[PDB]
file coords28.cif (mmCIF, C-alpha atoms)
data_data
loop_
_atom_site.label_atom_id
_atom_site.label_comp_id
_atom_site.auth_asym_id
_atom_site.auth_seq_id
_atom_site.Cartn_x
_atom_site.Cartn_y
_atom_site.Cartn_z
CA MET D 1 21.94 48.04 83.55
CA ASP D 2 19.12 50.48 82.84
CA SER D 3 18.85 49.64 79.14
CA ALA D 4 18.32 45.87 79.32
CA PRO D 5 14.77 45.71 77.89
CA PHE D 6 15.45 48.73 75.69
CA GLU D 7 18.49 47.15 74.02
CA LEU D 8 16.33 44.28 72.75
CA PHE D 9 14.30 46.88 70.86
CA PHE D 10 17.30 47.28 68.57
CA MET D 11 18.01 43.54 68.47
CA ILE D 12 14.54 42.91 67.03
CA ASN D 13 14.13 45.85 64.64
CA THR D 14 17.65 45.48 63.27
CA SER D 15 16.79 41.83 62.66
CA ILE D 16 13.54 42.21 60.72
CA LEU D 17 15.40 44.88 58.74
CA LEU D 18 18.77 43.19 58.19
CA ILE D 19 16.84 40.12 57.05
CA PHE D 20 14.80 41.77 54.29
CA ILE D 21 17.83 43.96 53.62
CA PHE D 22 20.33 41.17 52.98
CA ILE D 23 17.86 38.73 51.45
CA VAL D 24 16.67 41.38 48.99
CA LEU D 25 20.20 42.66 48.38
CA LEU D 26 21.16 39.18 47.20
CA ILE D 27 18.69 39.14 44.31
CA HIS D 28 19.43 42.77 43.43
CA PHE D 29 23.02 41.62 42.89
CA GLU D 30 22.08 38.13 41.69
CA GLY D 31 21.03 39.80 38.45
CA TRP D 32 18.30 42.34 39.16
CA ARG D 33 20.14 45.43 37.93
CA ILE D 34 19.28 45.03 34.25
CA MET Q 101 29.22 57.82 76.07
CA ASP Q 102 32.02 55.42 77.00
CA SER Q 103 30.90 52.64 74.65
CA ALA Q 104 30.78 54.52 71.35
CA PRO Q 105 33.59 52.68 69.51
CA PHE Q 106 32.81 49.47 71.39
CA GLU Q 107 29.17 49.43 70.28
CA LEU Q 108 30.25 49.31 66.63
CA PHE Q 109 32.03 46.05 67.44
CA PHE Q 110 28.58 44.48 67.77
CA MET Q 111 27.21 46.34 64.74
CA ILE Q 112 29.87 44.75 62.53
CA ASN Q 113 30.07 41.22 63.92
CA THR Q 114 26.29 40.88 64.13
CA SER Q 115 26.22 41.98 60.48
CA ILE Q 116 28.71 39.53 59.00
CA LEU Q 117 26.87 36.89 61.03
CA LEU Q 118 23.25 37.87 60.41
CA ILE Q 119 24.11 38.02 56.70
CA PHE Q 120 25.46 34.48 56.33
CA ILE Q 121 22.84 33.41 58.87
CA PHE Q 122 19.78 34.69 57.00
CA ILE Q 123 21.15 34.10 53.50
CA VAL Q 124 21.99 30.50 54.37
CA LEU Q 125 18.76 30.02 56.33
CA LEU Q 126 16.83 30.88 53.16
CA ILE Q 127 18.21 27.94 51.19
CA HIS Q 128 17.93 25.59 54.16
CA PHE Q 129 14.21 26.38 54.09
CA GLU Q 130 14.02 26.80 50.31
CA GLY Q 131 14.38 23.03 50.13
CA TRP Q 132 17.63 21.99 51.78
CA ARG Q 133 16.23 20.20 54.83
CA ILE Q 134 15.75 16.80 53.18
#

call {"tool": "encode", "arguments": {"input": "coords28.cif", "output": "structure tokens"}}
result
Amino acid sequence: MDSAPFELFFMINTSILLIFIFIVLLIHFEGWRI
Amino acid sequence: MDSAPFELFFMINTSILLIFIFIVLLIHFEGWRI
């Protein structure tokens, strides 16, 4: 229990990333590879 | 180093979830909250 506040660091970053990652990935596959 | 393979469990689940979560959230806000 020494990485409680530290763990969140990954929960936030991974979020802001996964979001723009997936959201963007959608379009790229939705027909953006012309 | 006793939670190496276990950690991945969260890296996968959180993914399949965050994906459908964000992707779906987009539409819901893109004009699906009538």

call {"tool": "resolve_selection", "arguments": {"input": "coords28.cif", "expression": "the PyMOL selection byres ((chain Q) within 10 of (chain D))", "output": "ChimeraX atom specification"}}
result
/Q:111,114-115,118-124,126

call {"tool": "atom_distance", "arguments": {"input": "coords28.cif", "atom1": "atom CA of residue 9 of chain D", "atom2": "atom CA of residue 27 of chain D"}}
result
28.0 Å

call {"tool": "atom_distance", "arguments": {"input": "coords28.cif", "atom1": "atom CA of residue 1 of chain D", "atom2": "atom CA of residue 108 of chain Q"}}
result
18.9 Å

call {"tool": "decode", "arguments": {"input": "coords28.cif", "residues": "segment 12-27 of chain D", "atoms": "N, CA and C atoms", "output": "short mmCIF file (atom, residue, chain, number, x, y, z; two decimals), in the first residue's frame"}}
result
data_model
loop_
_atom_site.label_atom_id
_atom_site.label_comp_id
_atom_site.auth_asym_id
_atom_site.auth_seq_id
_atom_site.Cartn_x
_atom_site.Cartn_y
_atom_site.Cartn_z
N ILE D 12 -4.82 8.06 -14.85
CA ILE D 12 -5.14 9.32 -15.51
C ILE D 12 -4.49 9.39 -16.89
N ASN D 13 -3.17 9.27 -16.92
CA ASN D 13 -2.43 9.33 -18.18
C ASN D 13 -3.00 8.34 -19.19
N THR D 14 -3.08 7.08 -18.80
CA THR D 14 -3.61 6.04 -19.67
C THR D 14 -4.98 6.42 -20.22
N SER D 15 -5.73 7.18 -19.43
CA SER D 15 -7.06 7.61 -19.84
C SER D 15 -6.98 8.64 -20.97
N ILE D 16 -6.38 9.79 -20.67
CA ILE D 16 -6.24 10.85 -21.66
C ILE D 16 -5.63 10.32 -22.95
N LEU D 17 -4.83 9.26 -22.83
CA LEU D 17 -4.19 8.65 -23.99
C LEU D 17 -5.14 7.69 -24.70
N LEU D 18 -5.63 6.70 -23.97
CA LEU D 18 -6.55 5.72 -24.52
C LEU D 18 -7.72 6.40 -25.22
N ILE D 19 -8.17 7.51 -24.66
CA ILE D 19 -9.28 8.26 -25.23
C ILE D 19 -8.95 8.73 -26.65
N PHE D 20 -7.95 9.60 -26.76
CA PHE D 20 -7.54 10.13 -28.05
C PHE D 20 -7.03 9.01 -28.96
N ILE D 21 -6.57 7.93 -28.34
CA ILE D 21 -6.05 6.79 -29.09
C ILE D 21 -7.17 6.03 -29.78
N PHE D 22 -8.18 5.65 -29.01
CA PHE D 22 -9.32 4.91 -29.55
C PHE D 22 -10.17 5.80 -30.45
N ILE D 23 -10.56 6.96 -29.93
CA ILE D 23 -11.37 7.90 -30.69
C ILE D 23 -10.78 8.15 -32.08
N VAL D 24 -9.48 8.46 -32.11
CA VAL D 24 -8.79 8.72 -33.36
C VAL D 24 -8.71 7.46 -34.22
N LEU D 25 -8.39 6.34 -33.58
CA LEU D 25 -8.28 5.07 -34.28
C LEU D 25 -9.56 4.76 -35.06
N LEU D 26 -10.70 5.10 -34.47
CA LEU D 26 -11.99 4.86 -35.12
C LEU D 26 -12.01 5.47 -36.52
N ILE D 27 -11.82 6.78 -36.59
CA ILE D 27 -11.82 7.48 -37.87
C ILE D 27 -10.80 6.87 -38.83
#
